[PDB]
């Protein structure tokens, strides 16, 4: 005697990966199979009265799909359960407007990436926050020592040969209502004015929600509901403000998501699940606004923006349009050369020219090639990759031979990273924080470090002009 309750005969799943426990009331021996690889039973063979899980993979096909689950036993009729899984759909927002392709070229993110080429960050600016010991946030875009981004800065960036600017942004120091995460319109106006100036200068523009005190750095189930709700509430506002901008404006959902409570522990499967979930929340929220945001190119982040973690653990969000998502990683290897503080055991030199000198034990040419080339798995899957930040600090306290060798090392490193990105079809964005590493004078937009700008341009053009077999 083989029995399955009527409630279990016709199962329905949404597009997410998910599971449902059913009950099989069977004899001493029974069996289960399914008709499709995306629909799995926890059990192949069973006995008696058992809780059995039916699990579906995420449906990224943009069509409804169906399967059967067949329960069988010797001398008993088969019981055949229907499984239906829906296509991906966006949350319903009252503010939704119909999709609009005005200014939205018919280009995949991969194709767009090939036009973007290289760029720079306007770092330590709109994301600058004064952080108190209780996590309280204050300040504005000038609080880390930079002036407001202006027209002449963006014009200078474009004139030097850059085609993209990443503008990190903080918002959580500018709430009108903290409980609902309502952002002051006056702050949004300032952000928008900078975006407009950058676009008018002829640049691609990327805006994000950056670190801003680290509130997002709790990728655990205990905090997922609150964090997902906040990330949505914030992105809904930003997406609505910027909805009518053309395809030169891209959104990046998060920055460097980490578990701030785990003290550098290896991340867990829970951490990857919840962090990949943040990327999904961001995509859902933007798409749910409709208009040009239906088509906008969106940028989602690897865990910690780490390359190896991208390769091992990043999952593509489900989306309502095809091929309009980029992956973002950051790249600062070797850390003891690039960004380790001056009061720690830094290495001032880098690369083959300084082998046997004050160089790092890792992150020389071969290591850089290995790590950046590992991103080929994305490129070959038609997923473009932005290296959203790279670059070494400039240790201006050094003197004599040590300073000269350091300055050379920075430029050798910069050129090498850039050329390696180009070879691998990655888009490299230099970390300019307006301090000693800066490329431009923030006030006038004039070049500050012509030699380092030239290193980037040499890296960009190396294999085009000076090519060989």
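Positions refer to the first chain, counted from 1.
Enquirer: Which is higher on mean Cα B factor in this entry, 261-269 or 165-173?
Expert: Result of the comparison: 261-269.
Enquirer: Compare the mean C-alpha B-factor of 361-369 with that of 319-327 as given in the PDB entry, and name the stretch with the higher value.
Expert: Looking at the record's C-alpha B-factors, the answer is 361-369.
Enquirer: From 213, 341, 392, 99, can you pick the one with the highest C-alpha B factor in the entry?
Expert: Highest C-alpha B-factor among the listed options: 341.
Enquirer: Highest CA temperature factor in the entry: which of 249, 234, 90, 307?
Expert: Of the candidates given, the C-alpha B-factor peaks at 90.
Enquirer: Once the chain's modelled residues are ordered by C-alpha B factor and cut into thirds, is residue 431 in the lowest, middle or highest one?
Expert: Tercile = lowest for this residue's CA B-factor.
Enquirer: Going by the CA temperature factor in the PDB record, which third of the chain does residue 440 belong to: lowest, middle or highest?
Expert: Its C-alpha B-factor, which the entry lists for residue 440, ranks in the lowest third among residues of this chain.
Enquirer: Would the CA B-factor of residue 65 place it in the lowest, middle or highest third of its chain?
Expert: Ranked within chain, residue 65 CA B lands in the highest tercile.
Enquirer: Sorting the chain's modelled residues by C-alpha B-factor, tell me whether residue 423 ends up in the lowest, middle or highest third.
Expert: According to the entry, residue 423 has a C-alpha B-factor in the chain's middle third.
Enquirer: Using the B-factor values recorded in the entry, state whether the Cα atom of residue 356 falls in the lowest, middle or highest third among the modelled residues of its chain.
Expert: As the PDB entry reports it, the C-alpha B-factor of residue 356 lands in the highest third of its chain.
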